[PDB]
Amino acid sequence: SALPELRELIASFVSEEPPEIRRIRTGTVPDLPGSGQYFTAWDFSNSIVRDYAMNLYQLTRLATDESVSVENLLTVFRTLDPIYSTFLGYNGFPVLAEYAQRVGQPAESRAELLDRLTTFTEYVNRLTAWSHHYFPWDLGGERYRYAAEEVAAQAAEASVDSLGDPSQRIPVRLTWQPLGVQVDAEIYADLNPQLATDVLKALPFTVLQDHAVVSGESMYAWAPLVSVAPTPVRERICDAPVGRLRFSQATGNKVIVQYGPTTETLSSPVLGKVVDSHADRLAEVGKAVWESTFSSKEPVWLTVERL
């Protein structure tokens, strides 16, 4: 591989909290940053590793585009990257800074560059998944509320499950521990073929389950993969039914179970759906995952398995 030790980190951090995050969230970052508080530095570390994960994923994706010369991709990299890597090194992620330098070093094949890009992205995606689990979203929870009536009102202001072929549905089970909850889901292999491929290849796995903090009632967890598969079928998130399983290679590789009303209007690649029989089981897990992500940080693990 291009960076085998990186892969060792990517493996460890599936089950385990990366040290960076632990020193970040307890204001123990050696450089003691943040103009006698650290929240602002912490906020920065979180948001910027998130956006760097996106950046990198689009560089990874660009790398599949042979109209852009490998050298042009590397040039683009050396330009856009340092402002992110150097700052992240300063603010809690110094290993990432050195590895970012490594990814840029003069490479000799597209495949090699691309292998670095996919590797690095996976690493940063996991740093981002942990960073997301631990950020104090509860802060504006007594300070800044949407008022109930306006909310129900905008809910009042406003098929892709019928496309393709039922014969090609591939079954799987989602298991949420320690809740001991379980549903059986179907994956539309026919809709986004290499997408669902990339997702079933990874199976099984056990990752951490967290909650959306913008779009509404939408759980997502960061799967151990990077897919650049076509996404011909995408569905707007506000139009998603309850129980929809959407992937989002754009934003890491999040297995996004949607269980309740969401407001986001950006389109999302369709993976599958929970079997109607088990959709009602979702509200509970969704509330407990809101609790963990918003509040308690009590980890809730996902296991996805090929039935």
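The first residue of the sequence shown is number 1, and the count goes up from there. Each form is matched to the other, and the largest set of C-alpha atoms that superpose within 1.5 Å is called the rigid core.
Is 190-198 or 106-114 the stretch whose C-alphas end up farther from this model in 5 other deposited structures of this protein after a rigid core fit?
Farther on average in 5 other deposited structures of this protein: 106-114.
Kindly name the stretch, out of 55-63 and 247-255, whose CA atoms are displaced more from this form in 5 other deposited structures of this protein after the core superposition?
Per-stretch check in 5 other deposited structures of this protein: the more divergent one is 247-255.
Could you find out if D276 - modelled in this structure - is missing from at least a third of the other PDB entries compared that contain residues on either side?
No, none of the compared structures omit it.
At least a third of the other entries leave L266 unmodelled
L266: unmodelled in a third or more of the comparison entries.
Missing from the model but present in the deposited sequence, between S67 and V68:
Count of unmodelled residues in between: none.
What number of deposited residues lacks coordinates in the span between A148 and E149: none, 1 to 3, 4 to 9, or 10 or more?
According to the record, the chain runs unbroken from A148 to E149.
Give the stretch, out of 295-303 and 279-287, with the larger mean C-alpha temperature factor in the deposited entry.
Comparing 295-303 with 279-287, the higher average CA B-factor belongs to 279-287.
Quick check: 174-182 versus 98-106, which has the larger average CA B-factor in the record?
The stretch with the larger mean CA B-factor is 98-106.
Comparing recorded Cα B-factors across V255, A250, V49, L56, which one is largest?
Among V255, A250, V49, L56, the highest C-alpha B-factor in the entry belongs to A250.
Assigned third (lowest, middle, highest) for the C-alpha B factor of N192:
Lowest third, going by the recorded CA B-factors of the chain.
Looking at the temperature factor on the CA atom of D165, which third of the chain's modelled residues does it land in?
Answer is highest: the recorded C-alpha B-factor places it there.
Is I237 in the lowest, middle or highest third of its chain when residues are ranked by C-alpha B-factor?
Middle third - that is where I237 ends up once the chain's C-alpha B-factors are sorted.
Hey, what third does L32 fall into on Cα B-factor, ranked over its chain?
It belongs to the highest third of the chain when residues are ordered by C-alpha B-factor.
Within this chain's modelled residues, let me know which third the CA B factor of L271 belongs to: lowest, middle or highest.
Its C-alpha B-factor, which the entry lists for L271, ranks in the lowest third among residues of this chain.
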